[PDB]
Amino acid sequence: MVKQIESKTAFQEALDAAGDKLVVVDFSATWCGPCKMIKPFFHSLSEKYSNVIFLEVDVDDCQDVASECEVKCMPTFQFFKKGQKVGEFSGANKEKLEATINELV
């Protein structure tokens, strides 16, 4: 249920099409083990929370997006509502990810 993002215009259109809904963005890289390990849990949240929009952005695919979003640690989870960033943290922490979704939804 994760939208796979493959350009900066695809990214901004996803943020623009989301309406009032929370958008959760997973910034990952293929060399990041924990990124790869949390991916099924990320997928699970998108099936569980059909009311929230989930995006995946690979930093090496999407360098322009990575650099504009000021990403540092892999994975980084950024949260948006109506185009605006409303949350951010890094690291593959499952419990923290879900809790953040429940705080912002």
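Note that residue numbering follows the sequence shown and begins at 1.
Just going by the entry, 46-54 versus 23-31 on mean CA temperature factor gives the higher value to 46-54. Stretches 35-43 and 71-79 differ in mean CA B factor, with 35-43 having the higher one.
Annotation for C62: C-alpha temperature factor in the highest third relative to the rest of the modelled chain, per the entry.
When the modelled residues of the chain are ordered by C-alpha B-factor, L97 sits in the lowest third. Sort the chain's modelled residues by C-alpha temperature factor and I5 lands in the middle third, per the entry.
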